[PDB]
Amino acid sequence: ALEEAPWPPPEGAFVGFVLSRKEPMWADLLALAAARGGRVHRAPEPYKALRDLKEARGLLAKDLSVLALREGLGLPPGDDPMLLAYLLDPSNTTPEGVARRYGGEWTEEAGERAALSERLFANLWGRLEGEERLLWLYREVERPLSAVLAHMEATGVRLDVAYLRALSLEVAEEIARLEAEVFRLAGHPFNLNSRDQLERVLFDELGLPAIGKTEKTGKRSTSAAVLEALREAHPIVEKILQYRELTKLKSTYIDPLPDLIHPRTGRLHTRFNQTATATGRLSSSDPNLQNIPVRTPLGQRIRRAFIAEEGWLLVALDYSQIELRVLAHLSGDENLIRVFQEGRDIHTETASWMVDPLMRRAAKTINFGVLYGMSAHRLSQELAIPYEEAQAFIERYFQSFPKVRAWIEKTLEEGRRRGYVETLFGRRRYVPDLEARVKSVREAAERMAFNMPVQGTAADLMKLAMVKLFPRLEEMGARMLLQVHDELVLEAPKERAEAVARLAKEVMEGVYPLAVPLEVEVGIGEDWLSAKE
DNA sequence: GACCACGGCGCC
DNA sequence: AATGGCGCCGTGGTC
Ligand SMILES: [Mg+2]
Ligand SMILES: [Mg+2]
Ligand SMILES: [Mg+2]
C-alpha cells in the first residue's frame with residue numbers, strides 16, 4: 001500500500017529489519033527498511049544504512065540497537081509497539097501475537113515489518129489513550145529501560161574460560177565415579193540421564209517405594225523431593241542426587257558457556273527480554289544469566305568464573321527483602337511496616353519462637369508459606385512439624401498482620417470483578433481463572449493473582465532504579481552488566497569503584513520511597529562471588 | 001537438522 | 001522462600 005521511496009527515510013520513521021538469527025549480538029543483518037508518511041524505504045545495503053538512522057523506532061527496537069552498538073554505532077531504541085502491548089496485557093509477548101491482535105501480520109520482510117511497526121504503533125498508542133498510569137510506565141520506565149538494556153546486552157560480561165575448561169575435566173571424573181557406582185548398585189548399566197529408565201530401576205527393580213507422580217503423564221516421580229525422602233532407604237539414592245547436581249551444572253553452565261564467548265568483544269552476552277513475563281519482571285536468555293549457580297560448593301566455583309575486566313572491579317547490589325517491604329507498603333499493615341521502620345529483621349521474630357542461620361531460613365520458608373495460603377495440613381507435611389503447630393502460627397501470623405490478609409482478600413475480590421490485578425504503578429496482569437468452578441484451578445489462580453502485585457511492584461522499582469542509575473554510571477565511566485530481579489551487577493574502574501558503589505546504593509534505595517525504607521546491600525570484588533562481600 | 005512435551009532444576 | 005516468576009538441560013518423540 002505504501003509508496004516506495006529511496007533510502008534514507010525522514011526522521012521519525014519506523015524501522016523494520018530481518019536477522020539471520022534471534023540473538024542480535026550474533027545475528028547477520030539481512031535487511032533493513034523504514035516506513036513513514038505513507039512511504040516505505042528499503043536500504044540497498046543494510047549495515048551502511050544503519051548509520052543513517054537517528055534511532056531504532058519499531059517492533060523489537062532494542063534488538064536492532066544492540067546490533068548497532070555491536071558495530072560501534074550509538075543507535076538508541078525508541079518507541080516499540082511490543083512495549084505498549086505488553087503494558088496493556090503482559091500476555092502480549094511475541095510480535096506474531098501482537099501483530100495479529102492489533103492490526104497486521106508478522107512476516108519475514110523488512111519493508112512489511114517497518115509498515116507493520118508504524119500501523120501497530122498508531123493503534124496501540126490509541127489504546128493507551130486514557131491509560132495515564134500505563135503511559136507513565138511506558139515513558140518513565142519501559143521505553144528508557146530498553147536503551148539501558150541495549151547497552152547491557154552489547155557490553156557483556158567477562159568469563160574465565162580456561163578456568164571453566166579445567167573445571168569441566170575435574171567434574172567429568174567425579175561424575176564417572178558416581179555413575180559407575182550407581183550402575184554397580186543397580187546391578188547393571190543403564191542410561192542414568194533417563195528418568196524413565198531410572199524410574200524402573202528404583203521402584204520396579206530395587207523395589208523402593210514410589211512416593212509421588214509426575215504432573216502431565218502420571219509416571220512415578222524421581223524428583224529431588226522424592227529422592228531426598230529415600231536417601232536412607234538405599235545407598236543408590238544419595239549417589240543419584242550427587243550425579244544429578246554435577247551433570248546439571250556441567251551440562252548447563254560449565255560446558256556451554258565457554259563456547260559462547262563473542263569473537264569481537266571477548267565477552268559473554270545475554271539477552272534481557274522486556275516482554276516475556278506475566279508480572280513485569282525481565283527475563284534473560286541465550287544464555288540465561290539470571291540463574292547462574294550460587295548455593296552449592298560447585299555452584300559457587302562456577303559463579304567465581306564471572307570476573308571483572310583487568311583494572312576494573314564488579315559491584316554487586318541487592319535489595320533486602322524487597323517483596324516483603326513491598327507487601328508492607330501495598331497492604332498498609334501497621335505492624336509489618338513498624339517491623340521495617342524499626343530496622344528489625346522479621347524472620348528473626350518468628351525464628352525465636354520456632355540465632356541459627358538454619359532456624360531462620362526455616363522461619364522464612366514458613367512465613368512465605370502461610371503467606372501463600374498453605375493450610376495447616378499442606379504445610380505441616382512439607383515442613384517437619386505437626387499439623388497442629390502449622391494451623392497454630394497461621395492464625396497468629398494474620399492476627400498480628402491483619403491488613404495483609406485483608407489486602408490479599410481485597411486484591412482477589414477486585415481481581416475477580418475487574419478480571420485483572422495491578423502493581424503499585426498500575427501494571428496489570430489479567431487472571432480470569434479467579435472464578436473457575438474447580439477449586440484447585442481457582443486456588444492456583446489466586447496464588448498467581450496475589451503474587452503479581454508484589455513481584456511486579458518489585459520489578460517496577462528495580463526497572464525504575466536501572467533507568468535512573470544508567471546515566472549516572474555513564475558519567476562515572478562505569479557499566480551496568482547484569483540484573484537478577486532484585487540484584488544488579490556493575491563494572492567500575494578500580495579507582496572509582498567505591499564511589500560508584502556508594503552512589504548506586506543511594507540511587508537504588510531512594511528510587512521511589514515507600515512507607516518503609518528500601519535497603520540495599522553492596523559488595524565489591526574481582527568476581528561475582530567475592531563481590532557478595 | 002528442527003520442533004515439541006516432559007520431567008527436572010538452576011536462579012530470584 | 002520458591003508458594004510465585006522464568007529459561008535450559010537431556011530424553012523420548014516426531015517430522
Ligand atoms: Mg537476595
Ligand atoms: Mg516446562
Ligand atoms: Mg534427540
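Backbone-built Cβ (ideal geometry, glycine too); neighbour counts: all protein chains shown. Derivation of every value follows stated rules applied to the coordinates shown; laboratory data play no part.
Return yes or no: is A:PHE190 of a type in the set (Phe, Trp, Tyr), over 30 Å from A:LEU260 (Cβ atoms) and within 16 Å of DNA strand B (Cβ to nearest atom)? So A:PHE190 passes the test.
I need the full set of residues from the range A:260-274 which are assigned to a loop (DSSP other than H, G, I, E, B) and under 11 Å from the mean Cα position of the chain (by Cα), in order please. Talk me through it step by step, then tell me what you get.
Taking the range A:260-274 first, the residues assigned to a loop (DSSP other than H, G, I, E, B) are A:261-267, A:269-270, A:274.
A:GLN274, the sole residue that qualifies.
Against the numbered list (1) surrounded by fewer than 18 Cβ atoms within 10 Å (Cβ to Cβ); (2) closer than 30 Å to A:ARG427 by Cα; (3) in contact with a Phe, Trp or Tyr (Cβ under 9 Å, 6 or more places away or on another chain), A:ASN288 comes up short only at (3). When you go through (1) assigned to a helix (DSSP H, G or I); (2) of a type in the set (D, E, K, R); (3) away from DNA strand B (no atom under 16 Å from the Cβ) one by one for A:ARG437, which number turns out not to apply? Looking at each condition in turn, A:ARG437 falls short on (1). Within the range A:382-401, the presence of a residue that is over 20 Å from A:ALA351 (Cα atoms) and loosely packed, with under 13 Cβ neighbours inside 10 Å is excluded. Across the range A:403-424, the number of residues qualifying as surrounded by 15 or more Cβ atoms within 10 Å (Cβ to Cβ) and either more than 17 Å from A:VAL454 (Cβ to Cβ) or of a type in the set (A, V, I, L, M) (or both) comes to 6. Of all residues in the range A:332-360, those being out of contact with any helix residue (DSSP H, G or I) (no Cβ under 8 Å at 6 or more places or on another chain) and either part of a helix (DSSP H, G or I) or among the aliphatic types (A, V, I, L, M) (or both) number 4. Right, A:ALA99: of a type outside the set (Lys, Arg), closer than 28 Å to A:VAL467 by Cβ and buried (at least 24 other Cβ atoms within 10 Å of the Cβ) or not? No, not satisfied. Listed by first and then second residue, the pairs linking a residue in the range A:266-295 that is under 24 Å from A:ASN92 (Cβ atoms) to a residue that is among the acidic types (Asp, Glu) and outside any loop (DSSP other than H, G, I, E, B), with Cβ atoms under 7 Å apart and 6 or more places separating them unless they lie on different chains, are A:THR270/A:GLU153; A:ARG271/A:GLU153; A:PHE272/A:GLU153; A:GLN274/A:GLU142; A:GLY280/A:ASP460.
If you scan the range A:89-105, which residues turn out to be under 21 Å from A:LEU64 (Cα atoms) and within 26 Å of the chain's Cα centre (by Cα)? Passing the criteria: A:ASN92, A:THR93, A:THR94, A:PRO95, A:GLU96, A:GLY97, A:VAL98, A:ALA99. Within the range A:216-230, the set of residues being of a type in the set (D, E, K, R) and within 11 Å of DNA strand C (Cβ to nearest atom) comprises A:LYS219 only.
Please go through the range A:181-212 and give me each residue that is over 15 Å from A:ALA233 (Cβ atoms) and more than 16 Å from DNA strand C (Cβ to nearest atom), ordered by number. Correct list: A:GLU181, A:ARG184, A:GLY187. When A:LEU249 is tested against (1) within 16 Å of A:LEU192 (Cβ to Cβ); (2) within 13 Å of DNA strand B (Cβ to nearest atom); (3) surrounded by fewer than 19 Cβ atoms within 10 Å (Cβ to Cβ), only condition (3) is not met.
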